[PDB]
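Dumped coords-v8.csv below, it's CSV, N, CA, C and O atoms:
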chain,number,residue,atom,x,y,z
A,1,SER,N,-59.6,184.2,-218.7
A,1,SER,CA,-59.7,182.9,-219.5
A,1,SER,C,-60.5,181.9,-218.9
A,1,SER,O,-61.0,182.0,-217.7
A,2,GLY,N,-60.8,180.8,-219.5
A,2,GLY,CA,-61.6,179.7,-218.9
A,2,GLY,C,-63.1,180.0,-219.1
A,2,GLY,O,-63.7,180.4,-218.1
A,3,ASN,N,-63.6,179.8,-220.3
A,3,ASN,CA,-65.1,180.1,-220.5
A,3,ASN,C,-65.4,181.5,-220.1
A,3,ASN,O,-66.4,181.8,-219.5
A,4,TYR,N,-64.5,182.5,-220.4
A,4,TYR,CA,-64.8,183.9,-220.0
A,4,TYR,C,-65.0,184.7,-221.2
A,4,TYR,O,-64.7,184.3,-222.4
A,5,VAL,N,-65.5,185.9,-221.1
A,5,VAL,CA,-65.8,186.9,-222.2
A,5,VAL,C,-67.0,186.4,-223.1
A,5,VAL,O,-67.5,187.1,-223.9
A,6,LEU,N,-67.5,185.2,-222.8
A,6,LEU,CA,-68.7,184.7,-223.6
A,6,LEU,C,-69.9,184.8,-222.8
A,6,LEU,O,-71.0,185.3,-223.2
A,7,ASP,N,-69.9,184.4,-221.5
A,7,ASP,CA,-71.1,184.5,-220.6
A,7,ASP,C,-71.4,185.9,-220.3
A,7,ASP,O,-72.6,186.3,-220.2
A,8,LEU,N,-70.4,186.8,-220.2
A,8,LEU,CA,-70.7,188.2,-220.0
A,8,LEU,C,-71.5,188.9,-221.1
A,8,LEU,O,-72.4,189.6,-220.9
A,9,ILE,N,-71.2,188.5,-222.3
A,9,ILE,CA,-71.9,189.1,-223.5
A,9,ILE,C,-73.3,188.5,-223.5
A,9,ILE,O,-74.3,189.2,-223.9
A,10,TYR,N,-73.5,187.3,-223.1
A,10,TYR,CA,-74.9,186.7,-223.1
A,10,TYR,C,-75.7,187.3,-221.9
A,10,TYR,O,-76.9,187.4,-222.0
A,11,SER,N,-75.0,187.8,-220.9
A,11,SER,CA,-75.8,188.5,-219.8
A,11,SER,C,-76.7,189.6,-220.3
A,11,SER,O,-77.8,189.8,-219.9
A,12,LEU,N,-76.2,190.3,-221.4
A,12,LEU,CA,-76.9,191.4,-222.0
A,12,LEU,C,-77.9,190.7,-223.0
A,12,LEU,O,-79.0,191.2,-223.2
A,13,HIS,N,-77.6,189.6,-223.6
A,13,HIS,CA,-78.5,188.9,-224.6
A,13,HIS,C,-79.8,188.6,-223.9
A,13,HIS,O,-80.9,188.8,-224.5
A,14,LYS,N,-79.8,188.2,-222.7
A,14,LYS,CA,-81.1,187.9,-222.0
A,14,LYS,C,-81.9,189.2,-221.7
A,14,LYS,O,-83.1,189.2,-221.9
A,15,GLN,N,-81.2,190.2,-221.4
A,15,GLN,CA,-81.9,191.5,-221.1
A,15,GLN,C,-82.6,192.0,-222.4
A,15,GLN,O,-83.7,192.5,-222.3
A,16,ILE,N,-82.0,191.8,-223.5
A,16,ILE,CA,-82.7,192.2,-224.8
A,16,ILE,C,-83.9,191.2,-225.1
A,16,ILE,O,-84.9,191.6,-225.6
A,17,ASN,N,-83.7,189.9,-224.9
A,17,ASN,CA,-84.7,188.9,-225.1
A,17,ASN,C,-85.9,189.1,-224.2
A,17,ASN,O,-87.1,189.2,-224.6
A,18,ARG,N,-85.7,189.3,-222.9
A,18,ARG,CA,-86.8,189.5,-221.9
A,18,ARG,C,-87.3,190.9,-222.0
A,18,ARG,O,-88.5,191.2,-221.8
A,19,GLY,N,-86.5,191.9,-222.4
A,19,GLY,CA,-86.9,193.3,-222.5
A,19,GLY,C,-87.9,193.4,-223.7
A,19,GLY,O,-88.9,194.1,-223.6
A,20,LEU,N,-87.6,192.7,-224.8
A,20,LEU,CA,-88.5,192.8,-226.0
A,20,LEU,C,-89.5,191.6,-226.0
A,20,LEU,O,-89.6,190.9,-227.0
A,21,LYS,N,-90.1,191.3,-224.9
A,21,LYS,CA,-91.0,190.1,-224.8
A,21,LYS,C,-92.3,190.5,-224.0
A,21,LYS,O,-93.4,190.4,-224.5
A,22,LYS,N,-92.1,191.0,-222.8
A,22,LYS,CA,-93.3,191.4,-222.0
A,22,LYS,C,-94.0,192.7,-222.6
A,22,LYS,O,-95.2,192.8,-222.5
A,23,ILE,N,-93.2,193.6,-223.1
A,23,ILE,CA,-93.8,194.8,-223.7
A,23,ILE,C,-94.1,194.5,-225.2
A,23,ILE,O,-95.1,195.0,-225.7
A,24,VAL,N,-93.2,193.8,-225.9
A,24,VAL,CA,-93.4,193.5,-227.3
A,24,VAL,C,-94.6,192.5,-227.5
A,24,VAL,O,-95.5,192.7,-228.3
A,25,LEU,N,-94.6,191.4,-226.8
A,25,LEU,CA,-95.7,190.5,-226.9
A,25,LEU,C,-96.9,190.8,-225.9
A,25,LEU,O,-97.8,190.1,-225.8
A,26,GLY,N,-96.8,191.9,-225.3
A,26,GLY,CA,-97.9,192.3,-224.3
A,26,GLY,C,-98.8,193.4,-225.0
A,26,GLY,O,-99.9,193.8,-224.5
A,27,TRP,N,-98.5,193.9,-226.1
A,27,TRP,CA,-99.3,194.9,-226.8
A,27,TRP,C,-99.7,194.5,-228.3
A,27,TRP,O,-99.4,195.2,-229.2
A,28,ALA,N,-100.3,193.3,-228.4
A,28,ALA,CA,-100.7,192.8,-229.7
A,28,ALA,C,-102.2,192.9,-229.9
A,28,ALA,O,-102.9,192.4,-229.0
Before we go any further, please render this structure as structure tokens.
Amino acid sequence: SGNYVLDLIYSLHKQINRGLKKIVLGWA
């Protein structure tokens, strides 16, 4: 408890955002 279970889910959110950025915005 105490701001928990939310930050762990966002840890993956950044991996998807940065994962689909250098390869997605790098081949246009």
How far is it from atom CA of residue A:12 to atom CA of residue A:28, in Å with one decimal? 25.1 Å
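The space separating atom CA of residue A:4 from atom O of residue A:18 comes to 24.9 Å.
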DSSP says alpha helix (DSSP H) for which residues of chain A? Put them as a PyMOL selection string? chain A and resi 7-22
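Pairwise distance (atom CA of residue A:11, atom CA of residue A:23) equals 19.5 Å.
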